[PDB]
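Visitor: I would like the atomic coordinates for the input below:
(chains A, B and C)
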Amino acid sequence: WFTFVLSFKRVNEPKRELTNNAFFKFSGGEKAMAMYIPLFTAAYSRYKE
Amino acid sequence: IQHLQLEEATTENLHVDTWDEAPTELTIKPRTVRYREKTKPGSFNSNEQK
Amino acid sequence: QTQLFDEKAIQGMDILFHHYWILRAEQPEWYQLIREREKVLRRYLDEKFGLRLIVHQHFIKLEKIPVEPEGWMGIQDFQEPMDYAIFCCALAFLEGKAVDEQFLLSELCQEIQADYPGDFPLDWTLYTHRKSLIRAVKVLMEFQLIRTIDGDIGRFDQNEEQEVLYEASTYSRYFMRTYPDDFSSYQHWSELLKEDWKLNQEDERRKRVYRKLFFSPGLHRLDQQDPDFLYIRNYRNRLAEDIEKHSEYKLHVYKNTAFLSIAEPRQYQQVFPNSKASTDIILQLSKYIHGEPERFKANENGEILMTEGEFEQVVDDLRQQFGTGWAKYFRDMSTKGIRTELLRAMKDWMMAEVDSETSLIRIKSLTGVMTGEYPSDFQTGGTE
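Guide: Numbering: from 1, shown residues only, chains lettered A, B, ... in the order given. Have a look at this structure:
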């Protein structure tokens, strides 16, 4: 019924949405950060319970 | 049947018209020997320095 | 032990689509390949497309009945209606000949002349009529409906006295599919479609969408509420997954168009872009339209509307910039001729429509998928 939407915001720049096309523009460090920050935060958030 | 040739499923956005989307860029070979046109065997570079 | 859709089945499906039919006597490898998976192919085609796959002792054929007929579909070697009329009359004649019976070209010409149903008689003293007959016979020979006992038909162009000895091959019987009623009761071809889809009431929409995708180069959104496009939007992901699973193609979807792309086209396939020069100008026009978004702002349906004068002005601008690199065929031809040729090409690919009433040009969103340019070094070369 629902869907997930990821968003990235560079400092002092307008918010956006993390599409595949916008993703490819990322650099290697940005790519890794985007891929893994959500997952490890998910692991983290689950433990908050 | 006929179809378009493309190397990758570049787009994923159902909501954007093709004009406003980023197109796929091709290199048209100019049809003058001024640049290049071949039917018989072509040449290679012999790149020994590399 | 059960069959599965695999490399062989995918290859067989492509071979079925891209040819009218496969003959055992000439395509034994393809015939054998198709037959082995024929069970899986029949199942898949019936469930998703609804096409009837005819598997026979001498041939295999997929009755590709289109959702809405389009210009490029027809037999391309023919250029006038008279060619189709002569082709059909020749078939009617072959129904009168037993298998491997031999008849002379003069008999075929005489019978075609007699039966030819137009108000205006068919006459062989003309050049154009003889050329039409030669094209019809060439297409017939292409499908191996008739074999040639030695001779030469090409001379018929410039020598009406030419003679040839032809042989009716077995395939003539099976060439044309079967029709629902006594076919004579129908009055216009449109009535045929209303029948062929009377057999596919079950999930007509899915078969409709699949046929449009696989057959046509593209699928254009009729309006804001086009049911086919709504269907595609609702099931984009599973459609893409299924099509990738079952064939080489990969689906694309846009606000105003949807189509299947192919990454590695084999030899026998037709694709865009290709060698013909008219495509080059199509790509250049696409780029030129991309470059002035405010002037050529597409309407909500994705069409771009231009009158013949405006299109000719655009073509003149293109001849000014990139004309130096066009093929010599177009470089030497006036603007209006280029407009006609380019519009025929774009019609074949369903890129654009010529409005029937106002002569207004509608450039469809499919054109904007691809853009082309000369290498920068030549363009700077064009400056020199």
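Visitor: give me the number of residues near the residue nearest to residue C:310 when sequence neighbours are not counted?
Guide: Leaving aside its chain neighbours, residue C:310 sits nearest to residue C:361 (7.9 Å; criterion: C-beta to C-beta, 6 or more residues apart in numbering or on different chains). The way it works is simple: take the backbone N, C-alpha and C, and place the C-beta from them, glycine included. By other C-beta atoms under 10 Å in any protein chain shown, 21 other residues sit near residue C:361.
Visitor: can you check residue B:41 too?
Guide: 6.
Visitor: can you check the one 4 residues further on too?
Guide: For residue B:45, the neighbour count with other C-beta under 10 Å is 7.
Visitor: on that earlier part again, hmm, the residue nearest to residue C:310 is touching residue C:313, no?
Guide: No. Counting by C-beta atoms under 8 Å, residue C:361 does not reach residue C:313; the two are 11.9 Å apart.
Visitor: And the longest strand along chain C, how far out from the chain middle?
Guide: Ranked by residue count, the top strand of chain C under DSSP state E comes out as strand C:257-262. Its chain's C-alpha centre and that of strand C:257-262 lie 16 Å apart, by C-alpha atoms, centre = their mean, to the nearest Å.
Visitor: could you point out which element follows that strand?
Guide: strand C:270-272 (DSSP states H and E).
Visitor: and after that following strand, which helix or strand comes next?
Guide: helix C:277-290.
Visitor: Can you name every helix or strand that that next one contacts?
Guide: Applying 3 or more C-beta pairs under 8 Å, 6 or more residues apart in numbering or on different chains; DSSP states H and E, one finds that helix C:277-290 contacts helix C:308-321, helix C:328-331, helix C:335-348, strand C:370-373.
Visitor: tell me which strands and helices the second one is in contact with?
Guide: Under the contact definition 3+ C-beta pairs under 8 Å, 6+ apart, helix C:328-331 sits against helix C:277-290.
Visitor: Apply 6 Å and report the result again.
Guide: Using 3 or more C-beta pairs under 6 Å, 6 or more residues apart in numbering or on different chains; DSSP states H and E as the contact criterion, no helix or strand is in contact with helix C:328-331.
Visitor: What is the neighbour count of residue C:24?
Guide: 15.
Visitor: Could you check which helix or strand contains residue 8?
Guide: Since you didn't name a chain, this refers to chain A. Using DSSP H and E, no element contains residue A:8; it sits outside every helix and strand.
Visitor: sorry, should have said chain C
Guide: Using DSSP H and E, residue C:8 falls in helix C:7-18.
Visitor: Name every strand pairing with the following helix or strand past that helix and say which way it goes.
Guide: Moving toward the C-terminus from helix C:7-18, the first helix or strand encountered (DSSP H and E) is strand C:21-23. If you go by DSSP bridges, strand C:21-23 pairs up with strand C:59-62 (antiparallel).
Visitor: Which residues are in contact with residue 17?
Guide: Going with chain A. Residues in contact with residue A:17 (C-beta atoms under 6 Å, 6 or more residues apart in numbering or on different chains) are residue A:7.
Visitor: wrong one, chain C
Guide: Contacts of residue C:17 (C-beta under 6 Å, 6+ apart): residue B:1.
Visitor: separation between residue C:92 and residue C:186?
Guide: Per C-beta to C-beta, to the nearest Å, residue C:92 is found 17 Å from residue C:186.
Visitor: Among those two, which residue is more densely surrounded?
Guide: More neighbours surround residue C:186 than the other of residue C:92 and residue C:186, with 15 against 12 (other C-beta under 10 Å).
Visitor: That one and chain B, how far apart?
Guide: 26 Å (C-beta to the nearest C-beta, to the nearest Å).
Visitor: Helix or strand: which one has the nearest residue to that residue once chain neighbours are set aside?
Guide: Leaving aside its sequence neighbours, residue C:186 sits nearest to residue C:192 (C-beta to C-beta, 6+ apart; 6.6 Å). Using DSSP H and E, residue C:192 falls within helix C:190-196.
Visitor: what's the longest strand of chain C in contact with?
Guide: B:3-6, C:213, C:218-220, C:232, C:248-252, C:365-366.
Visitor: Could you give me the PyMOL syntax to select whichever of the residues you listed are buried?
Guide: Selection of buried members from the contacts of strand C:257-262 for PyMOL, criterion 16 or more other C-beta atoms under 10 Å in any protein chain shown:
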select buried, (chain B and resi 3+4+5+6) or (chain C and resi 213+218+219+220+232+248+249+251+252+365+366)
